[PDB]
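Novice: Take a look at the following structure, please.
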């Protein structure tokens, strides 16, 4: 069935809103789960590349594989044990890593498609049309929509400009790659990074592989790099009903500085990224991770040192707690580039009612 | 003036110069102690008989010392401190050799009205008093500082590097009537090791320790009671140069959330110099500690800086051995210890 | 543990730098507007040297005069410099026998071939040398090594492969390979005499040579005994390993931090770019070691000394350094390039990845890309240069001149094209 | 037949019939001659004439916005798959009906937007618009007490023009310079501003000093107004504080001169963010912030 309860590190006096636990190394499980799910859960547990956008694309493709592998039983119909099996997938995904908003909209789309198709049509004729529709759905809402974001941003950015970024957002990597190659401008790109994940490092590496003038920096040193900077792009995860920017770690700090130092913040987003859940502070619902990623002393992810820190459980109160997903304040960002072209974050939910 | 005259008699000049340039000497407190012992050796060994020739020679020695190392403000201040102690006793001595000198208070306005002894012994004792002052600052801080922080209040701390601030925090935790939660920003490229030792010493005394990544500062600012700075050097306008990394953003984060900012310092740490530009005063770090491999470092031009500056717009109190002062007043505390001429050496 | 004497191998890698070393010596040349010897001497002072030796023969008078002017002739210095004068151009083995005949070597001495800039603390090295000397009696010399830039695909001049112990860190084999530049040889033959004595064999090519040595009193006696050995690495180390005297050991030291010996032009270019960057944390221009230096750090890795004069509306790049008493005209682009002290620069000049030493005048409307200029040499108007184009001393290039890739110019007024006098072989001129 | 020439003919005319509504009336006249039945022959030549109009523009935004609304209405005509003749006749007629709608909207606003000016309130007015002055005149017609402060706007000396047009009514005034405009926000009850354009975000496209007014008022906590006719909406999103469509200079720095000729150059059109506007007034009800964007989403259907 799975492993539940018994967690590493202290329960903590401050910040205990979410689960801090889960299965990394495979021991005691059901022998019916599709291995492509088991691969993705093992991926997302210790992932370095993904950040909101790519997670759903992989989740869709895994689902497409499952349907292609799905053969309808002779006794039980198509809508009998499928939805239970999908619920087992999501529960295993939840155990590995808390889901994104875009993942939820995908599940909601899939559950709508199950109800749409009645058990009367032949099995091979059904799944052939289904995967074709999902492919077209992923083409429209992601790939084509992404291209629409590309060209919307293209008109907005001035010739020969300096851009500071953060994260590992798929949309922005392709944005800057488009700027360097197709448009041919003088784009100075500065990338910032945190401690838990070297997301920006990977982005800078990929930008270097394209051949871009790249500076690479950290949160600690900003009042030096800014004093240069024009437009700041932020990797969206979810924009809520109010218009608060729920995104990764070192995002809000950058957002504040940019608002203070004249030239503002811009955000690229998808029409699938918007939710209806609302909050106002970072404490509300945080994506907490185990302090195992913060054990390492600088430089790289695997170093293995006999350093200063090591104990967490036996130590009399030593909460080395880090967070992953934060909230930028409402007023600070200015532009959102989506499927429906443009709109300020003050407007926010003009897409949720438009559907 | 060169070191050609002071070579066989005074050797320790050049060993301190060597300690600065290669950074063998560490922490402003230690730099001050060395310069004190330098001036101790200068008076004890030299022969002068004349006073004005002596003072101007000391001025040139201090000028060369600050040119040898720009981040050694504690070096520059200690010399300037003794210079003024000298100058007052000379002005007192000249009044007796000639023969109201007491208008109201101890003012300024040097642009208005015009103008053997135990002077050397006073110079000796003047060094001794400076040492004892640097030896005991904590006693003068704790009587002003441990009056401002309350129970169930959360304290966020950039710069865990300061020996001064940690010892101030431990004296407050000694009081069983006072309870506080400590958040500590890591300061990745430099402070990391020091921040981890800071978190260890807080757990050693059993104080609620919370280690914070430099990204998460915003994600907590709504919950923060107070902000405390472990500064290295304090200035005329109020502002501070602190012991490395992740302070400026934290102070910017505090001001936006209107969270109070505290600073713990000494008068020897306090400087009469003015920071007209941060560009000159701040020292930059080594990018080697960020990213490995040199063939990608052709394209990876990484930026890292040690010392961090805070403008006076953020901090509100500078609790010293004397007392608590506002940034809009700290200049007077400075002029009470250093003269106007004793700036441009 | 105290009292340490050092010997510096100068007059060693001359003419390895092809267009230069004609009038002035090898080590006089500036890396960052300051002589290469000064870096080495700073390394000596940080290590803790009490007595300094130097090997000068070719252009020895200019070396001796530079030491006279140096900061170490003055009495307060921790070390005193004594120069060894030998016959013109000889191998390292010949100098070793000369020094043993004179007999000044006491206990543990230091030998450095070439000039090396490193941020690595030597106090740790001395301790581990002494700890390993106390392990067994017949132990000889110490070698330094540092980790390379992941893959040494651009590094062709130093193809040294090292076989090392995991437990004792003893070197087993040294081998040079033409591999990527000349695809001819593939094979490497290793002696199987030390198979079960070591067991934990580790073969690496991903290590940079340093040629910095801590040596015992045995070394000069061995050189006189075996006078067939000319080199100190290629034949000597291999000779020591391959049962010359049974039971004798030599060290190999691994260090994570930056340590690169200067040898070639394109290695020199990388080290210089590393110095402009913050690779060598202590060794930075702003600290000022030569005392006359007044460099100040500016954000985005831009270095400026005191008395820097610059025209308005001019753009500066990344990892750049400009000397004192320097004037620049309008419309100038300075990107990843070093310009020396007292250098006057004209107008509308685009510079990328290039090099200019002290006291150089550049004519108006000229583009210079990844190419080097020596001291007291003048560039004319309309000058276009390509990658790896090294220009010699006092070379006056006249107006309207175009030069392609790797066009080296001679410093002495022999066999290669372009000389020192006006219109350098664009119309036959030159002595 | 020309469209730029028809717009140039309005010299001594203007007022009531607004600049964009005269450009829309010029668009309808060009449409009705060369057969509006063909959607291939006509719409492409309409697009070329708008492109020629944009190329002839020196410093105007609203003409580009007014074309869009026209286009939209034309496309919406035959949305019901109606007779290709009755739908055409309704399209040609909606040209004179469009200009007649500028009258009806002004009749609506001047009775709605007089409510904001309360009993005895000192007003500081900046950026002259036909809607804001129509509020000011029809409040004097309502016999209500209000004081007025003139701002010295510098595009083509607009402050003096505004001052003279206030004199022809019977309302006490005095000249205040835009430099000293900070020293007035304590004796002024409310600040009114007429717009040249309203953003997709909710910000404003305006004259030679309006952002400066917006910020100072935000500091002084005194209200900041936008009053206009509902046709000045473009699908425009100025990302930064200094980015706008221009035919002239985006801040030029000139060389050393002695005769004194090259000097004036400064940002003649400036943007202000959404936060600075307290209230907005149009004929489309009483609405301010996201309302503008909703309108634009409703039009563009995207």
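Novice: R0 = 30 Å: FRET efficiency of residue A:295 with residue C:131, Cβ-based, nearest 0.05?
Specialist: The calculated FRET efficiency here is 0.45.
Novice: Please work out the FRET efficiency for the pair residue D:100 and residue D:180, using the Cβ-Cβ distance as r and a Förster radius of 41 Å; give the result to the nearest 0.05.
Specialist: That pair, residue D:100 with residue D:180, gives E of 0.45.
Novice: Take C:27, D:87 and order them by how many other Cβ atoms sit within 10 Å, fewest up front.
Specialist: Fewest to most other Cβ atoms nearby, the residues stand as D:87, C:27.
Novice: Now for a different question. How far is helix D:19-33 tilted off the main Cα axis of chain D, in degrees rounded to 10, range 0 to 90?
Specialist: Orientation of helix D:19-33: about 10 degrees from the principal axis.
Novice: Now, a different point. Could you line up B:302, D:254, D:29 from fewest to most neighbouring Cβ atoms inside 10 Å?
Specialist: Going from least to most buried by this count: D:254, D:29, B:302.
Novice: Taking each residue of D:239-245 in turn, how many C-beta atoms of other protein chains fall within 10 Å of its C-beta, and what is the average?
Specialist: Shielding by partners across D:239-245 averages 5.
Novice: Along Cα→Cβ, 7 Å out, is where each label goes; now give me the distance between the ones at residue B:53 and residue B:256 in nm to one decimal.
Specialist: Rounded to a tenth, the inter-label distance reads 6.2 nm.
Novice: Averaged over D:89-97, how many beta carbons belonging to a partner chain fall within 10 Å of each residue's beta carbon?
Specialist: Mean shielding count: 0.
Novice: OK, next. For chain A, what does -39500 (n - 2.57) per DSSP helix run (n ≥ 4), summed and divided by total residues, give at 222 nm, in deg cm²/dmol to the nearest 500?
Specialist: That comes out to -10500 deg cm²/dmol.
Novice: Okay, next question. May I ask for the distance between the Cα centers of segment C:236-276 and segment D:144-189, given as a whole number of Å?
Specialist: If we compute the Cα centre of each part, the gap is 81 Å.
Novice: Now, a different point. By counting other Cβ atoms within 10 Å of each Cβ, how are C:94, C:2, C:402 ranked from fewest to most?
Specialist: In order of increasing Cβ crowding within 10 Å: C:2, C:402, C:94.
Novice: Within segment D:248-268, list the residues whose amide N lies under 19 Å from a label point set 7 Å along Cα→Cβ of residue C:313.
Specialist: What the label zone holds, given the 19 Å backbone N cut-off, is D:248-267.
Novice: When the Cα centres of segment D:202-244 and segment D:271-298 are compared, how far apart do they sit, in Å?
Specialist: 11
Novice: Roughly speaking, what is the centre-to-centre gap between segment B:122-153 and segment B:275-298 when only Cα atoms are used, to the nearest Å?
Specialist: Each part reduced to its Cα centre gives a spacing of 35 Å.
Novice: Please give, to one decimal in nm, the separation of the simple spin-label points placed at residue A:77 and residue D:12, each 7 Å out from Cα toward the Cβ.
Specialist: About 8.3 nm, to one decimal.
Novice: Once every DSSP H run of n ≥ 4 in chain C is given -39500 (n - 2.57) and the sum is divided by its residues, what mean residue ellipticity at 222 nm do you get, rounded to the nearest 500 deg cm²/dmol?
Specialist: After summing the helix terms and dividing by residue count, I get -5000 deg cm²/dmol.
Novice: If you don't mind, there's one more thing I want to ask. If you take every DSSP beta bridge whose two residues both sit in the protein assembly as shown, what share of them, in percent to the nearest 5, is antiparallel?
Specialist: Antiparallel bridges: around 30 percent, rounded to the nearest 5.
Novice: Further question: Using a/c under 1.5 as the rounded threshold, could you call segment C:41-126 rounded, prolate or oblate? The axes a ≥ b ≥ c are square roots of the C-alpha gyration tensor eigenvalues, and prolate needs a/b larger than b/c, oblate otherwise.
Specialist: It is oblate, given that a/c is not under 1.5 and a/b is not larger than b/c.
Novice: Classify segment C:96-140 as rounded, prolate or oblate from the Cα gyration tensor: take a ≥ b ≥ c as the square roots of its eigenvalues, call it rounded if a/c is under 1.5, otherwise prolate when a/b beats b/c and oblate if not.
Specialist: Here segment C:96-140 falls in the oblate category.
Novice: For chain A, what class follows from the C-alpha gyration tensor (a ≥ b ≥ c being the square roots of its eigenvalues): rounded when a/c is under 1.5, otherwise prolate if a/b is larger than b/c, else oblate?
Specialist: Verdict is oblate for chain A.
Novice: What do you get for the angle between helix D:96-112 and the principal long axis of chain D? Use alpha-carbon atoms, 0 to 90 degrees, nearest ten.
Specialist: 30
Novice: Using a simple spin-label model with points 7 Å from Cα along the Cα→Cβ vector, what separation in nm is obtained for residue B:15 and residue B:114?
Specialist: 4.9
Novice: May I pose another question? Residues of A:339-345, mean number of Cβ from any other protein chain within 10 Å of their own Cβ, rounded to a whole number?
Specialist: Per-residue shielding by partner chains comes out at 6.
Novice: Under the 0.36 nm per residue contour assumption, what length would be gained going from the current alpha-carbon distance of residue A:124 and residue A:182 to full extension?
Specialist: Full-extension gain reported as 16.6 nm.
Novice: Take every DSSP beta bridge whose two residues both sit in chain A, then give the antiparallel share in percent to the nearest 5.
Specialist: In chain A, DSSP labels about 25 percent of beta bridges as antiparallel.
Each reported figure results from applying straightforward, stated rules to the coordinates on display, with no laboratory input. Neighbour counts run over all protein chains shown; Cβ positions are idealised from the backbone, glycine included.
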